[PDB]
Amino acid sequence: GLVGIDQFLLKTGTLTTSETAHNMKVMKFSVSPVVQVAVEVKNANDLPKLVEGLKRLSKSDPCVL
Amino acid sequence: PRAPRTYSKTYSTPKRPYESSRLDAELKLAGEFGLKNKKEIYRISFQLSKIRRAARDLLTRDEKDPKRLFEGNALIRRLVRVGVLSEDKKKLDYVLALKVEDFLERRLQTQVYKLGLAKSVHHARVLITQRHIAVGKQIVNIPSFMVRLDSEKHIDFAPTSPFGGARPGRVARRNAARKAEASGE
Amino acid sequence: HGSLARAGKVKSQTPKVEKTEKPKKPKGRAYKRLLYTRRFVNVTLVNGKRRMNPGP
Amino acid sequence: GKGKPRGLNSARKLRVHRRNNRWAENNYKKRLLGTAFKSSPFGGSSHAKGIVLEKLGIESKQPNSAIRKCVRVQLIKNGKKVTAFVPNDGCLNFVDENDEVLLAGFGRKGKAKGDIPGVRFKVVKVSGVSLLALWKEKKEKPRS
Amino acid sequence: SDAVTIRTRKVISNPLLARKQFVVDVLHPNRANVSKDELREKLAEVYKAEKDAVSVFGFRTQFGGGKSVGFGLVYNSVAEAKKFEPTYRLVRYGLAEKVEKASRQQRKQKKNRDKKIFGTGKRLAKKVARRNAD
RNA sequence: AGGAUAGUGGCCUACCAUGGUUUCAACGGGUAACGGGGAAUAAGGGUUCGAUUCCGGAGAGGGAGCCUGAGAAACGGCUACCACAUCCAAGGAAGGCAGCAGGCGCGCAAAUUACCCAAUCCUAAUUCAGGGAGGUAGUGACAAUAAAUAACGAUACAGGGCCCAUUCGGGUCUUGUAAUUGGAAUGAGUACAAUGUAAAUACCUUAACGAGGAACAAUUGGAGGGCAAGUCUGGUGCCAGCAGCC
Ligand SMILES: [Mg+2]
Ligand SMILES: [Mg+2]
Ligand SMILES: [Mg+2]
Ligand SMILES: [Mg+2]
Ligand SMILES: [Mg+2]
Ligand SMILES: [Mg+2]
Ligand SMILES: [Mg+2]
Ligand SMILES: [Mg+2]
Ligand SMILES: [Mg+2]
Ligand SMILES: [Mg+2]
Ligand SMILES: [Mg+2]
Ligand SMILES: [Mg+2]
Ligand SMILES: [Mg+2]
Ligand SMILES: [Mg+2]
Ligand SMILES: [Mg+2]
Ligand SMILES: [Mg+2]
Ligand SMILES: [Mg+2]
Ligand SMILES: [Mg+2]
Ligand SMILES: [Mg+2]
Ligand SMILES: [Mg+2]
Ligand SMILES: [Mg+2]
Ligand SMILES: [Mg+2]
Ligand SMILES: [Mg+2]
Ligand SMILES: [Mg+2]
Ligand SMILES: [Mg+2]
Ligand SMILES: [Mg+2]
């Protein structure tokens, strides 16, 4: 594991030190973000903590959109 | 924690920003002495003001105030020691008269032009800058330097570098390398 | 109502025009040499009074 | 005799009357009462982040006619909801819904720039990046 | 060695440290600064105590070349140097060999781990031996 | 009067007396208040600040208590309650970063989980050991100092001082415009080595490599007024937008 990297990563990535190393293959998996739901906060003041949270949740898992 | 470093501002910016009178009078002083910023001017007028500040504050003390005589000498001792105060004007409050120009005259940058040696004040600046021209054992490359007049005849091109013997320079060096390559061998 | 609809309107409409490669303008001391010269001796732009822009 | 006392022993009444009369000075009164704490959508700070609730259009004051293109923001620290002008041509299109913005004051210590009624803030950064740097196509809104 | 002219100002005799202390002032035109082991013997002959017993340090070369300024010492003997001298610079001179150690952070950890054992620590070395796994 | 303290004292207790403060502002309320040396702005007078390198003081999640000791009502000590909260085999155990890094949270708003006692000083049984005190380096456009981004010829031209003048100028000093070319200087980089330093890094010294302009290429704001600087061109047509104020 690496620390201090997370804030630059959405879900995945390749780390290189070459001036011109390429990316890495995109991990074809089987399941898909197909079953959706709708969310908002019970209390309106909490929306900022919700929009931040949704970015944080999207890092949690490799699939959730 | 260990003690604070003290530091100070060397310059002070004008109050009215767009009086052409000051804008032009500044630019004349630039081309004349080969300056770039108004900071170069501002630094000097701030010095000059930080100096009249002491000067008017001593004439208010009556003659024979031991502080008046003591730093009155100390001042002028430092001011014809550089040539920004002329030798006769050593008298007390000729100091209040100086404009900035007397300082830009005593700048190192100007002397290297007013002592032959440069052909143009803009040529003087870069001559100082590029590790040429020195005083004694000491090599100096700060255009604003305040030559002490003990030295305006103790400053020739430096012991190192061309224009001063003692090694040939490095642009002619590569230029004359191929002088023996397109000459057959 | 009275939507945004038209936000970029003029900027999106103003026809693009390009900049042009130019003689590089000097920087530093050398530039105030130019202001000195271009205002005091061989300033080939004066016009009777002291004016800093021509509409020829 | 010029209204005020002059005696060498009237320091009290002199000092206490400036204290009384400093209160008719708006800049003093706003400070001592701390209305930048009690009032004042920002905490008394210079800036404030906020979540964009919705784009919004405001007709200018007369003699002028135009639509000024504000957003409505909920301040993160506050809950308080405010409107902010978005500078320069187009440039409302850079603001989506519920992306964070940094707002500044309007260079007016409250009040409001000429045209716009009741707007005392301006967007400065959106989605973390400088607004001007988006206007000039010099920086990019962060990736999805 | 281009006109090395290795001067030596402000000298005085120091029996309390069994050595004589002084500042060095080397000129060297066209000669871009002068080394230390080099400098150590060019005066190790001057007051020829052993070469292995003369010490110098400081040395900011001056501006525009052609000069440098250090500080030096000459000891009465080699053995009076090794003894009184800074243990760290005896090894640049070579008269001492460097002491490998463990990293400061890493030895600090061991200190705090041994604060957890009270006795010799070899009492518990055997209680663990019997049990685990019965 | 005693009691208690290291000791004065309503410090506390018994007895007694009815005193003590206040418009020269007591008491109470507020402070986005630790005091101070000091900082910013200063014709003079003033105004605004001071958490923060020194000094004094207070605190060690909130309170109280207490052991040890010359010294603590100590928190990198213990005891209890309160708030938060970790581990577990559910019987039980342990906790205190407003110390150094590092993280969450908070926000407009603030750096490395790095090296070392070499210096500064401190401590101990002690020249030796320990020291996130402190020093080093990392990060850092907070502030502050200095100050490269060109210099100088020639070609031609617009010309501009000019000795002769029936002379178009028969000599010219000077100035710059146009890719018209030319050889000199150089550090920014990079880099021998040495120097630097506890060991390195950068600096200073410096071998070799490092300038033609298409690069070694400076931006930021603006050109109606205030206010230095366009009655240029194109676009839009009270729309877009600008605009501190007009
Ligand atoms: Mg050189
Ligand atoms: Mg009133
Ligand atoms: Mg009131
Ligand atoms: Mg009234
Ligand atoms: Mg933002
Ligand atoms: Mg008593
Ligand atoms: Mg407080
Ligand atoms: Mg205060
Ligand atoms: Mg202030
Ligand atoms: Mg304070
Ligand atoms: Mg505070
Ligand atoms: Mg601090
Ligand atoms: Mg303190
Ligand atoms: Mg305490
Ligand atoms: Mg805490
Ligand atoms: Mg305690
Ligand atoms: Mg403590
Ligand atoms: Mg602690
Ligand atoms: Mg900051
Ligand atoms: Mg932060
Ligand atoms: Mg030490
Ligand atoms: Mg030690
Ligand atoms: Mg540091
Ligand atoms: Mg700076
Ligand atoms: Mg504009
Ligand atoms: Mg104007």
# chains A, B, ... in the order shown; residues from 1 in each chain; ligands from 1
>>> residues_around(residues="residue 36 (chain F)", least_positions_apart="5", cutoff="12 Å", atoms="only C-alpha atoms (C1' of nucleotides)", output="MDAnalysis selection string")
chainID F and resid 50 54:57
>>> residues_near_ligand(ligand="ligand 9", cutoff="6 Å", atoms="only C-alpha atoms (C1' of nucleotides) and all ligand atoms", output="list in words")
residues 40, 48 and 49 of chain F
>>> residues_near_ligand(ligand="ligand 4", cutoff="12 Å", atoms="only C-alpha atoms (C1' of nucleotides) and all ligand atoms", output="list in words")
residues 20, 21, 22, 23, 24 and 25 of chain D
>>> residues_around(residues="region 26-40 of chain C", least_positions_apart="4", cutoff="12 Å", atoms="only C-alpha atoms (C1' of nucleotides)", output="MDAnalysis selection string")
(chainID B and resid 23:40 120:126 143) or (chainID C and resid 22 44:46 50:52) or (chainID F and resid 147:151 175:177 213 217:219)
>>> write_last_selection(atoms="C-alpha atoms (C1' of nucleotides)", output="PDB file, in the first residue's frame")
ATOM      1  CA  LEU B  23       7.416  59.474 -14.362  1.00  0.00           C
ATOM      2  CA  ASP B  24       9.683  61.347 -16.785  1.00  0.00           C
ATOM      3  CA  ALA B  25      12.180  62.656 -14.234  1.00  0.00           C
ATOM      4  CA  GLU B  26      12.553  58.999 -13.217  1.00  0.00           C
ATOM      5  CA  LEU B  27      13.123  57.717 -16.751  1.00  0.00           C
ATOM      6  CA  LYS B  28      15.799  60.334 -17.469  1.00  0.00           C
ATOM      7  CA  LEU B  29      17.675  59.022 -14.443  1.00  0.00           C
ATOM      8  CA  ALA B  30      17.316  55.465 -15.766  1.00  0.00           C
ATOM      9  CA  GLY B  31      18.861  55.834 -19.209  1.00  0.00           C
ATOM     10  CA  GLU B  32      21.497  58.170 -17.801  1.00  0.00           C
ATOM     11  CA  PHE B  33      22.705  55.645 -15.223  1.00  0.00           C
ATOM     12  CA  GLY B  34      21.549  52.444 -16.983  1.00  0.00           C
ATOM     13  CA  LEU B  35      19.004  51.378 -14.323  1.00  0.00           C
ATOM     14  CA  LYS B  36      16.086  48.973 -14.885  1.00  0.00           C
ATOM     15  CA  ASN B  37      13.561  49.373 -12.056  1.00  0.00           C
ATOM     16  CA  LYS B  38      12.211  52.416 -10.378  1.00  0.00           C
ATOM     17  CA  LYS B  39      13.135  50.357  -7.299  1.00  0.00           C
ATOM     18  CA  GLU B  40      16.707  51.394  -8.129  1.00  0.00           C
ATOM     19  CA  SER B 120      28.236  53.311 -22.414  1.00  0.00           C
ATOM     20  CA  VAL B 121      26.611  53.013 -19.018  1.00  0.00           C
ATOM     21  CA  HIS B 122      24.547  50.032 -20.250  1.00  0.00           C
ATOM     22  CA  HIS B 123      27.830  48.383 -21.321  1.00  0.00           C
ATOM     23  CA  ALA B 124      29.227  49.192 -17.863  1.00  0.00           C
ATOM     24  CA  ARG B 125      26.485  47.285 -16.021  1.00  0.00           C
ATOM     25  CA  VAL B 126      26.990  43.972 -17.831  1.00  0.00           C
ATOM     26  CA  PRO B 143      26.250  47.720 -10.052  1.00  0.00           C
TER      27      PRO B 143
ATOM     28  CA  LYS C  22       7.034  39.518 -33.433  1.00  0.00           C
ATOM     29  CA  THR C  44      10.665  58.138 -35.087  1.00  0.00           C
ATOM     30  CA  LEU C  45       7.183  58.852 -33.694  1.00  0.00           C
ATOM     31  CA  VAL C  46       6.581  62.325 -32.218  1.00  0.00           C
ATOM     32  CA  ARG C  50       4.259  64.630 -27.534  1.00  0.00           C
ATOM     33  CA  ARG C  51       1.754  61.885 -28.444  1.00  0.00           C
ATOM     34  CA  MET C  52       2.145  58.169 -27.782  1.00  0.00           C
TER      35      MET C  52
ATOM     36  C1'   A F 147      19.483  41.914  -9.077  1.00  0.00           C
ATOM     37  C1'   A F 148      20.339  38.008 -15.747  1.00  0.00           C
ATOM     38  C1'   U F 149      16.806  37.958 -19.488  1.00  0.00           C
ATOM     39  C1'   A F 150      21.733  41.090 -23.227  1.00  0.00           C
ATOM     40  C1'   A F 151      26.597  43.967 -24.741  1.00  0.00           C
ATOM     41  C1'   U F 175      21.673  59.372 -33.913  1.00  0.00           C
ATOM     42  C1'   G F 176      18.628  55.308 -34.891  1.00  0.00           C
ATOM     43  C1'   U F 177      14.937  52.505 -38.665  1.00  0.00           C
ATOM     44  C1'   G F 213      16.564  36.027 -31.590  1.00  0.00           C
ATOM     45  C1'   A F 217      11.511  33.741 -25.448  1.00  0.00           C
ATOM     46  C1'   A F 218       8.599  37.726 -18.146  1.00  0.00           C
ATOM     47  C1'   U F 219       4.762  38.306 -16.478  1.00  0.00           C
TER      48        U F 219
END
>>> closest_atom_pairs(of="chain B", to="chain F", cutoff="6 Å", atoms="only C-alpha atoms (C1' of nucleotides)", output="Markdown table")
| residue | atom | partner | partner_atom | distance |
| --- | --- | --- | --- | --- |
| B:1 | CA | F:53 | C1' | 5.3 |
| B:2 | CA | F:53 | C1' | 5.9 |
| B:3 | CA | F:53 | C1' | 5.3 |
| B:4 | CA | F:53 | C1' | 5.6 |
| B:7 | CA | F:144 | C1' | 5.6 |
| B:18 | CA | F:228 | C1' | 5.0 |
| B:123 | CA | F:151 | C1' | 5.7 |
| B:130 | CA | F:186 | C1' | 5.6 |
>>> atom_distance(atom1="CA of residue 3 (chain E)", atom2="CA of residue 28 (chain E)")
6.0 Å
>>> residues_near_ligand(ligand="ligand 6", cutoff="9 Å", atoms="only C-alpha atoms (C1' of nucleotides) and all ligand atoms", output="ChimeraX atom specification")
/F:1-3,9
>>> residues_around(residues="residue 55 (chain A)", least_positions_apart="4", cutoff="12 Å", atoms="only C-alpha atoms (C1' of nucleotides)", output="PyMOL selection string")
(chain A and resi 6-7+9-11+48-51+59-61+64-65) or (chain D and resi 99+143-144)
>>> write_last_selection(atoms="C-alpha atoms", output="mmCIF file, in the first residue's frame")
data_model
loop_
_atom_site.group_PDB
_atom_site.id
_atom_site.type_symbol
_atom_site.label_atom_id
_atom_site.label_comp_id
_atom_site.auth_asym_id
_atom_site.auth_seq_id
_atom_site.Cartn_x
_atom_site.Cartn_y
_atom_site.Cartn_z
ATOM 1 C CA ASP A 6 -5.260 8.644 -2.709
ATOM 2 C CA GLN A 7 -6.187 12.288 -3.268
ATOM 3 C CA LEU A 9 -6.712 8.821 -7.705
ATOM 4 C CA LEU A 10 -10.309 8.427 -8.751
ATOM 5 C CA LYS A 11 -10.446 4.632 -8.890
ATOM 6 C CA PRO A 48 -21.997 19.410 1.534
ATOM 7 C CA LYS A 49 -21.123 16.378 3.702
ATOM 8 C CA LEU A 50 -23.127 14.302 1.204
ATOM 9 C CA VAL A 51 -21.466 15.557 -1.999
ATOM 10 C CA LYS A 59 -13.100 5.518 -4.052
ATOM 11 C CA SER A 60 -14.208 2.896 -1.523
ATOM 12 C CA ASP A 61 -15.329 0.458 -4.258
ATOM 13 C CA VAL A 64 -19.972 1.952 -7.764
ATOM 14 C CA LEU A 65 -20.872 4.894 -9.980
ATOM 15 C CA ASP D 99 -19.785 21.810 -7.128
ATOM 16 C CA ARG D 143 -11.928 15.027 -14.024
ATOM 17 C CA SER D 144 -15.191 13.162 -13.364
#
>>> interface_residues(of="chain D", to="chain C", cutoff="8 Å", atoms="only C-alpha atoms", output="ChimeraX atom specification")
/D:57,67,69,89-93
>>> atom_distance(atom1="CA of residue 55 (chain E)", atom2="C1' of residue 205 (chain F)")
21.4 Å
>>> residues_around(residues="residue 75 (chain D)", least_positions_apart="3", cutoff="7 Å", atoms="only C-alpha atoms (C1' of nucleotides)", output="count of residues only")
8
